[PDB]
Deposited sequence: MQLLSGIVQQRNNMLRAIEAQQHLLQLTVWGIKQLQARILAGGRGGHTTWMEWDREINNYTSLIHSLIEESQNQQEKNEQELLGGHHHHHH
C-alpha cells in the first residue's frame, strides 16, 4: 500500500538524480570546451540533442514522481 508506493517513488527520484548527474556531466563538458578555446558546430548540435533528451527524461521522471506523491498522500488519507 503506502510503503510499496514510497518504494516505487524512490525509484523514480533516484532515476531523476541519475539523469541530472548526466546533465551535469554534459555541462562540465561544455564549460571545458569553451575554456580550451579561450585559453564543431556538428559536435555542439550533438551536445544540444543530448541536453534535450536528458532534460526531457528528467521532466518526465519529475512528473511521475509528482503523480506518485499524490497517490501516496491519498493512500495515507483514510488508509
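- Absence of C-alpha coordinates is noted for several segments of the deposited sequence, namely 1, 41 to 45, 86 to 91.
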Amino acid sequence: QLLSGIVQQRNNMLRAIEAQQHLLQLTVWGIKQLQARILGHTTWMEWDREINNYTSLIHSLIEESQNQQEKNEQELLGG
From here on, numbers count along this sequence of modelled residues.
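- In this entry, 65 to 73 has the higher mean Cα B-factor, the comparison being between 65 to 73 and 13 to 21.
- Per the deposited record, the Cα B-factor of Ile38 falls in the highest third when ranked against the other modelled residues of its chain.
- Residue-level temperature factors show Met45 in the highest third of its chain, judged at the C-alpha atom.
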